[PDB]
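Chemist: how does the following fold in three dimensions:
(2 chains)
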There are 2 protein chains.
Amino acid sequence: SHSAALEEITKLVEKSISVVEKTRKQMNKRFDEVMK
Amino acid sequence: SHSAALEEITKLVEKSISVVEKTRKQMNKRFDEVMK
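Modeler: Numbers count the residues shown, from 1 in each chain, chains lettered A, B, ... in the order given. For reference, the structure is listed below:
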């Protein structure tokens, strides 16, 4: 039960990391756009 | 205590993800404000 929950939480943390990565990529592209 | 904490970590992670989505949506709208 612990292993299933911790692994499930681990997937959620990986999803959060991935959405943070695409978020920073998008806002960096937007920063390039606003500087342009 | 663990299962209460296990869902506590899960709910905190999912609410953090929701806050991240709200933040990115609002800042994209506000960058659109910036360009206009």
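
Chemist: name the surrounding residues that touch stretch A:22-36.
Modeler: With contact meaning C-beta atoms under 8 Å, 6 or more residues apart in numbering or on different chains, stretch A:22-36 is reached by B:20, B:24, B:27, B:28, B:31, B:34, B:35. For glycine as for every other residue, the C-beta is placed from the backbone atoms N, C-alpha and C.

Chemist: ok, residue A:30 to residue A:1 distance?
Modeler: 43 Å (C-beta to C-beta, to the nearest Å).

Chemist: whoops, I mixed them up, residue A:32
Modeler: Distance from residue A:32 to residue A:1, counting by C-beta to C-beta: 47 Å.

Chemist: okay, buried residues for stretch A:17-31 please.
Modeler: Buried residues in stretch A:17-31, counted by 16 or more other C-beta atoms under 10 Å in any protein chain shown: A:23, A:30.

Chemist: chain center to the strand or helix carrying residue A:26: distance?
Modeler: Per DSSP states H and E: residue A:26 is located in helix A:2-35. Computed by C-alpha atoms, centre = their mean, to the nearest Å, the chain-centroid distance of helix A:2-35 equals 0 Å.

Chemist: quick check: angle from it to helix B:2-35?
Modeler: Put simply, helix A:2-35 runs at 10 degrees to helix B:2-35, going by axes from the mean of the first three to the mean of the last three C-alpha atoms, to 10 degrees.

Chemist: ok, now which ones touch residue A:13?
Modeler: Going by C-beta under 8 Å, 6+ apart, residue A:13 touches residue B:13.

Chemist: again, only this time at 10 Å
Modeler: B:9, B:13, B:16, B:17 (C-beta atoms under 10 Å, 6 or more residues apart in numbering or on different chains).

Chemist: check residue A:19 too.
Modeler: Taking C-beta under 10 Å, 6+ apart as the contact definition, residue A:19 lies against B:17, B:20, B:21, B:24.

Chemist: ok, now how distant is the third one from chain A?
Modeler: To tie it back to what came earlier, the one meant is residue B:21. 7 Å (C-beta to the nearest C-beta, to the nearest Å).

Chemist: now swap in the first one and tell me
Modeler: In this structure, residue B:17 lies at 5 Å from chain A, with C-beta to the nearest C-beta as the measure.
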